[PDB]
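Coming up is one lone chain in structure tokens, specifically the form deposited in one PDB entry.
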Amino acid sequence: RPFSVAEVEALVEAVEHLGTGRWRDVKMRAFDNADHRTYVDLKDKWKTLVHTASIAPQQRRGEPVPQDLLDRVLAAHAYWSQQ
């Protein structure tokens, strides 16, 4: 099901801290008790978040993600990409 903003933030925070190649750790960090949120779901969601944050507002679909989160997605994405 759709990620709530809290989950998006939890995911973004986890990715900020863990990067984009440690999905099991991201799961353990922010979705430990969310069986419906597999590490793959998290990886996928992160991918969509990066896309959402990277495209223009008009191109975004689904529930709007708070700008500060999109900004963090891009920053985390940029950091881990540069890493």
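Numbers follow the displayed sequence, beginning with 1. Note that the rigid core is defined as the largest set of C-alphas that superpose within 1.5 Å between two forms.
A.B. asks: Could you settle it for me: does 12-20 or 61-69 have the higher average Cα B factor in the PDB entry?
C.D. replies: Comparing 12-20 with 61-69, the higher average CA B-factor belongs to 61-69.
A.B. asks: Output the stretch having the higher mean C-alpha B factor in the entry; the candidates are 25-33 and 50-58.
C.D. replies: Looking at the record's C-alpha B-factors, the answer is 25-33.
Heads up, the form deposited in another entry isn't pictured, but that's what we're talking about next.
A.B. asks: Residue 21: with the rigid core matched between this form and the one not shown, does its Cα shift 2 Å or more?
C.D. replies: Result for residue 21: no, shift under 2 Å.
A.B. asks: Quick check on residue 63: with the core superposed, does its CA move 2 angstroms or more between this form and the one not shown?
C.D. replies: After core superposition, the C-alpha of residue 63 moves 2 Å or more between this form and the one not shown.
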